[PDB]
Amino acid sequence: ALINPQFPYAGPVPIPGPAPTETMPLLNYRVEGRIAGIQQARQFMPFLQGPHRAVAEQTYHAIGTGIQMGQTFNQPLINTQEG
Amino acid sequence: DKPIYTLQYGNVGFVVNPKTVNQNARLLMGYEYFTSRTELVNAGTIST
């Protein structure tokens, strides 16, 4: 702010002001609020809580069976070298 | 951003100063607003 003498800035907005209204009042709000609809315990989703496999491992079962059977052919006898 | 809300700054009014007024003239006012009420504890429990 600058004040300049001799033209000085009025020393106030004075008493000639026009009170325009008495509408100043905010009427307090008084209220009762009830949000009470029956609630049912459940919601349907496509899927909740699953941690789906991105790849599975290979998996398997097992079997064996049979017996011990055989047809054989042997090497001929040979002269013994030494000993 | 700053909803008109009397009780925050006295009564407020929407104003129209007409240049011409024909017979049966009127202003059709449309408002969009928010309004309450107090909340009481929630119901809905299902025993079984």
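Conventions used here
- Residues numbered from 1 in each chain as written, not as in the entry; some residues may be left out.
- Chains lettered and ligands numbered in written order.
- Part of a larger assembly, values for the part shown.
- Heavy atoms only, no water.
- Helix = DSSP H or I, 4+ residues; strand = E, 2+ residues; numbered from the N terminus.
- Rg over C-alpha atoms; globule rule 2.2 N^0.38 Å.
- Buried < 20%, exposed > 50% of the residue type's maximum accessible area, 1.4 Å probe, protein only.
- Areas by Shrake-Rupley, 256 points an atom, 1.4 Å probe, with all protein chains shown as cover.
- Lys, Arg positive; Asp, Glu negative; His and termini not counted.
- Charge placed at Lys NZ, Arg CZ, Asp CG, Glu CD.
- Contact = heavy atoms within 4.5 Å.
- Buried area = accessible area lost by both parts, 1.4 Å probe.
- Nonpolar A, V, L, I, M, F, W, Y, C, P; charged D, E, K, R; others polar.
- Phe/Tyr/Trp six-rings, centres within 6.5 Å; stacked < 30°, edge-to-face > 60°.
- Patch = residues over 30% accessible without salt bridge, like charges linked within 9 Å, V, L, I, M, F, W, Y side chains within 5 Å.
- Salt bridge = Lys/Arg side-chain N within 4 Å of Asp/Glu carboxyl O.
- Polar contact = N/O pair within 3.5 Å; in protein donor to acceptor, adjacent residues only side chain to side chain.

Method of determination, as given in the entry header: X-ray crystallography; reported resolution: 4.20 Å.

> Account for the overall build of chain A, naming residues and giving values.
When its secondary structure is counted, chain A shows zero helices and zero strands. At 53 Å, chain A has a C-alpha radius of gyration far larger than the 12 Å of a compact globule built from 83 residues. A total of 83 residues make up chain A; the buried ones form 1% of that total. Carbon and sulfur atoms make up 57% of the accessible area of chain A, which totals about 10,400 Å². Computing the positive centroid from 4 side-chain charges and the negative centroid from 4, chain A places the two 23 Å apart.

> Account for the interface of chain A and chain B, with residues named and values stated.
Contacts between chain A and chain B engage 17 residues on the former and 15 residues on the latter. In this assembly, chain A packs against chain B so that about 1,400 Å² is buried in total across both faces, 58% of it on carbon and sulfur atoms. Among the residues making up the side of chain A that touches chain B, the classes are represented as ten nonpolar, five polar and two charged.

> Could you give an account of unusual backbone geometry, with specific residues and numbers?
Of all residues except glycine, most have a negative phi; of all peptide bonds, most are trans. Residue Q6(A) follows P5(A) across a cis peptide bond; omega there is 5 degrees. With a phi angle near 95 degrees, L7(B) is a residue other than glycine that sits in the positive phi range. Here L7(B) falls in the buried class, since its relative accessible area comes to 9%. The residue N24(B) is not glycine, and still its phi comes out positive at about 70 degrees. Of the residues examined, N24(B) reaches a relative accessible area of 68% and is grouped as exposed.

> Just give me the short version of the packing of aromatic side chains, but keep the residues and values in it.
A full pass over the atoms with the stated rule returns one aromatic pair over all chains. Consider the rings of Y29(A) and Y5(B), whose centres lie 4.9 Å apart with planes at 5 degrees: the pair is stacked. Using a relative accessible area of 34% as the deciding quantity, one classes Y5(B) as partly exposed.

> Can you tell me about a nonpolar patch on the surface, naming the residues and giving the values?
On the surface, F14(B), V16(B), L27(B), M29(B), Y31(B) and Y33(B) cluster together to form a nonpolar patch covering roughly 780 Å² of accessible area. Taking the relative accessible area as the measure of exposure, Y33(B) reaches 66% and is therefore exposed.

> Any chance you could break down the environment of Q39(A) for me, citing the residues and the numbers?
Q39(A) sits in the partly exposed class, given a relative accessible area of 43%. What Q39(A) contacts, discounting residues up to four positions off in sequence, is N42(B), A43(B), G44(B) and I46(B). Polar side-chain contacts of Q39(A) include one of 2.8 Å to the backbone oxygen of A43(B).

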